[PDB]
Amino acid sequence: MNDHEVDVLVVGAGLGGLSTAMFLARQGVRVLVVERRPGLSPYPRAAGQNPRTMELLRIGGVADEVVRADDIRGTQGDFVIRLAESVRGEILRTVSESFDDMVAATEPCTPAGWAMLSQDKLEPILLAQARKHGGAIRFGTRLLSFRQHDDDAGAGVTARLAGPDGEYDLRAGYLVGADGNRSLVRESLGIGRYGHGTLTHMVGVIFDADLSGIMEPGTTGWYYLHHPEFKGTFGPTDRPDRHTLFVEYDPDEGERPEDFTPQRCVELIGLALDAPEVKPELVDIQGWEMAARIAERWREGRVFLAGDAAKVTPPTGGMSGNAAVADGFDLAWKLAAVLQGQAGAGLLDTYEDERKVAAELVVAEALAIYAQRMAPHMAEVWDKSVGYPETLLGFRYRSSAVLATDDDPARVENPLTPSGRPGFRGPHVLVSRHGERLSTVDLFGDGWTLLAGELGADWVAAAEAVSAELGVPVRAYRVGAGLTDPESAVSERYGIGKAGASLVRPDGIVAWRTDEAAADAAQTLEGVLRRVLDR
């Protein structure tokens, strides 16, 4: 039989696809992205990288390019978030007072912070890093259909593509559908979505205008507009002369995208800024229906949904791109481990179990923010916010790859007062290696990391015995030994006492822990690893 031609075929070159590819390629996986478009879009779309995204971009080795690249903050390096009636006008409520304060809000639970690139800046950095690690991409190439092949006859997926020289077949070991909300992939498998559904409709206008005259210095940021005439939002880009405006509209009242003529648009831009000296130059006028939809299934056989295809969230709270990047990270490291023989196929089921709950957390937070910031009258239709940082940083996973003892139904915890329980991020704690001062969080992501208590030298020896046994990297660090704890807080935050240990996954999530010593640390650790990796 024939070697697959590629290990993974990723469909779509938005953030979900380029993430999955960059993190697959870094792991030595042969991955091909195909993209129907002739090139990456220059449009801003989703902007801003949250601290969880930043933690994964760090793992992925692109964090330093991300920080150097052009962001959307103003020339004074600041960014404000506000409800107002008009942009240059009087503030109804301030969500974030500055950028330094936005970062400050979660700094004690993470060493990563925020970045502020638009989608068109971030995608080129993903794509470049995928390519440097051996990934490949084909533009102007469209997926027509695919067939699947059971393990006897393969296993694999045969996909049919429409490129420039016409049609052809490609065999992959896996197919990832990162092909957007109207996903050819999801729709082809006949998978339904659930959730609130249509939320609202809005028209986006990207436009050019020098606001140097009508906006006071340092006033760059995101604005929720509650104007007598209209409902909307207003945003910066990475060019000081380019901006975005969104305006709500009712189709049931008879309003249509067609009504937002260049005229209406310049008019509403006039209104939003409360300056009519403005002559904008309109770049794009695009109607958008906002919704909340989650795929019933994130996987059928060797086909996976990732990104918007798996879940559409209202854009409110800037989580759209950040969730795709994270779906991709999860998919990557689990696919890599299975493809290399480090795990059995059972691990792939954790993808859905974990990222499908994450999708629900993201959507719920987005609806709640829509209510609090755009539609205060809707706050009851949906559960109240569980908290922004608890959703992005305090989230918990349950699956076969999380060995939890308790059964607390809570899906988040305060990330500022962490438990160290399985399923949550291993807590941020400042420690140092022999002089190098780092967060416990910066210790994660190569393969598996194990943290042992002061007395747990047996756990350290096990980390090597088990790596060798299973062929998985286990980096082990012991407190008071090769890892300095000045405040003596690692044991306490991770809940490992003096003699226990905490096993942390490739995405920085705690898989397992104990607060005491095992009878045979190597036997126990092997058993724990065999289980979460499906061996």
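We number the residues from 1 along the sequence you see.
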Query raised in the report: For the stretches 137 to 145 and 367 to 375, which has the higher mean C-alpha B-factor as given in the deposited record?
Result: 367 to 375
**Report entry** Given 110 to 118 and 246 to 254, the range whose Cα B-factors average higher in the PDB entry
**Finding:** 246 to 254
Query raised in the report: Of the choices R425, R73, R131, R355, which one's C-alpha carries the largest B-factor in the record?
Result: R73
Query raised in the report: Going by the deposited entry, which of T440, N322, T391, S212 has the highest CA temperature factor?
Result: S212
Query raised in the report: Relative to the other modelled residues in the chain, which third contains the C-alpha temperature factor of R68: lowest, middle or highest?
Result: highest
Requested in this report: For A25, return the chain-relative third of its C-alpha B-factor as stated in the PDB record: lowest, middle or highest.
Outcome: lowest
Query - Record-listed C-alpha B factor of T53: chain third - result: lowest
**Report entry** Chain-wide C-alpha B factor ranking for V8, given as lowest, middle or highest third
**Finding:** lowest
Requested in this report: Place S488 in the lowest, middle or highest third of its chain's C-alpha B-factors, as listed in the PDB entry.
Outcome: highest
